[PDB]
Structures are given as C-alpha cells and as structure tokens.
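Next comes just one chain, in structure tokens: the form deposited in one PDB entry.
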C-alpha cells in the first residue's frame, strides 16, 4: 500500500515467521545478491510516543558488529513503516537443538557456551546489555555457529522480577547461568505452574544439582546463580574461568574479528555501478544503512562463508 514500494525494489518477501512484540518478522530474499534475509517490520503509528526510543535503539544496533551477533544490513523508513533487514540464520534456535539432543555433554556445552559469552562480553564492552537471554534468542548459522538475536520468566534475574532497578550486565550473567544449567541438564532449574510460585522459587535460589554434573560445572553455576546481583561473577572473571578454559587453554576471544573495506566486495560493486574503485570506496564509507550498505554487507558475508562475491 505504498509503504512497501521502496522495499520491493530490493527484496522479494517470503513468509511471515514471527508475529512478535511491536514487530512482524518476515523472511525475504535480497534480489541483487540472491541472499536470504530476515526483515523486521514496525508501524510508526502504533509505536506512537515510543518512535524516538526505537530510532535511537536502531542506531545502537548499527554498532553491533560481531561474529556471534546477527548483523543489521539495512534500515528503511517510509511514511508509516520502519523496515529493518537482518542477517538470516537458517539453522534455527538453540531451543530446538537442546530438545533433539535431550541434554548436551559438558564438552559440547562448552563449545556452545564460549560463543554466547563471546557475544555477551562484546555487548557489555559497548555499554549495552541483551536483557532477554534464552535459547529462543540464540540461532545457528549454516556452519553451526551461534548468533544472538532480539536486542522468558524462567531466565529472568531475581532483581528484574521484583521490579527493582537492575544492571543489564548483571542480569545477563544470571540468565547465562540458567542457560548453562539448561544446556547440561535438559530442563529448567526453576519451574512452577503459576507466576507467583515461580517468582518465589527464583528469589530463594535453590535448585537441584543432577549427579551427572562435574564439580567444575557445579562451581561455575554457583558463581553465576547468585540471587544477590553483587555476589555474581563478573564478566572479566567469566572469560577466563577454569571451566571455560578446560580443553582449550585460552580464554574467550570476545573482541570483534569484524573490521577497513574488503577489496573483492568493492570491486564487484564498482563493476555493477560502473564506477572507479575510489568512488565506490567513498560511497560505501558513508555507511548510511541504505541499499548500498546492505549489498556491501551481504557480499562481505558471501566472502566470509567462502562463497563467490557476485551480484546478478
């Protein structure tokens, strides 16, 4: 209805995949590269008074450039809509994975968990928090690598639950502790059939420790699942934790391996736009999160996954 016209120059829309909170999520294809993307759609009239909060939050997400975070490619604002185009993760949720395998071994949990820690550390290093860590918000890519999305009650920290002020970073550590327990046990540490009983169990902080957990596992859970947020392990101490280090002998590399422009991607854009190299480089370097940014980031992802850097 005219809000979709600009978008439909660049993307072919596939199926809705998520009628989430404030935003519809559609699957789509970027025409020029033929790459699948996820498109978050919001209506500006129903955001109303929140429209500035969101526009500002969108600017924070532009800086989230990290191998274990789903990347933002394109922001398009029309008269009535905001469209956000995001990195597609075909592998589905970690939630699905844990159900299929029942529970992960300590060794496999460790591989999974270092990736989460990696991304969460990066987020906190930029002065942000995720605030909603759970297996539904962690996706696998085609190489079985984890990507964080969506910047529930079972994973929420005691202070958050009481409606007190809370530090995002501290709440993220509690939530990762619940994630850790779920990965290794195959079930929640705190569960109940009504909200009040659940809230109470979370506040009391007592949970069962299954007899298959290693002493090292038990200890790391005890450092993360501390009802008093002050008593919780710091990010610093988590990246170099003994359990984290087991079978690896180096700490979690959390800093972004993502950049300087990639010469193959620039070449292919210069060819397509019939430009000099230096002209394309200047234009890409504006980083407007327009169609050019989108195409560039999608070629950079074809490269990163070994594919050829080509436009149609």
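Positions refer to the first chain, counted from 1. Here, rigid core means the biggest group of C-alpha atoms that superpose within 1.5 Å across both forms.
No coordinates for residue 165 in a third or more of the other PDB entries: Residue status for residue 165: gap in at least one third of the other entries.
Residue 246 dropped in a third or more of the other entries: Negative; every one of those entries includes residue 246.
Residues of the deposited sequence left unbuilt between residue 53 and residue 52: Going from residue 52 to residue 53, the model skips no residues of the deposited sequence.
Residues with no coordinates between residue 151 and residue 152, taken from the deposited sequence as a class: Gap between residue 151 and residue 152: 10 or more unmodelled residues.
226-234 versus 170-178 - greater average Cα B-factor per the deposited record: If you average the C-alpha B-factors of 170-178 and of 226-234, the larger mean comes out for 226-234.
139-147 versus 194-202 - which carries the larger mean C-alpha B factor in the record: The stretch with the larger average C-alpha B-factor is 139-147.
Of the residues 269, 37, 283, 64, the one carrying the largest Cα B-factor as recorded: Result of the comparison over 269, 37, 283, 64: 64.
Selection by C-alpha B-factor (highest) of 118, 80, 109, 216: Spelled out: the listed residue with the top C-alpha B-factor is 80.
Third of the chain, ranked by Cα B-factor, where residue 131 sits: It belongs to the middle third of the chain when residues are ordered by C-alpha B-factor.
Among modelled residues of the same chain, the CA temperature factor third for residue 299: Ranked within chain, residue 299 CA B lands in the middle tercile.
Residue 32 - Cα temperature factor, lowest/middle/highest third of chain: Middle third by C-alpha B-factor.
B-factor third for the C-alpha atom of residue 42 within its chain: Highest third - that is where residue 42 ends up once the chain's C-alpha B-factors are sorted.
Chain-wide C-alpha B factor ranking for residue 23, given as lowest, middle or highest third: Its C-alpha B-factor belongs to the highest third of this chain's values.
Separately, the form deposited in another entry exists; it is not shown, and the next lines address it.
After fitting the core, residue 266 CA displacement of 2 Å or more between this form and the one not shown: True for residue 266: a C-alpha shift of 2 Å or more.
Large Cα shift (2 Å or above) at residue 134 between this form and the one not shown, core-fitted: It does not reach a 2 Å shift.
Threshold 2 Å Cα movement between this form and the one not shown for residue 283, core superposed: After core superposition, the C-alpha of residue 283 moves 2 Å or more between this form and the one not shown.
Relative Cα spacing, residue 21 and residue 120, in the other entry - shift of 3 Å or more: Relative to this form, farther apart in the other entry.
Direction of C-alpha distance change in the other entry, residue 56 to residue 132 (at least 3 Å): Compared with the form shown here, the C-alpha atoms of residue 132 and residue 56 sit closer together in the other entry, by 3 Å or more.
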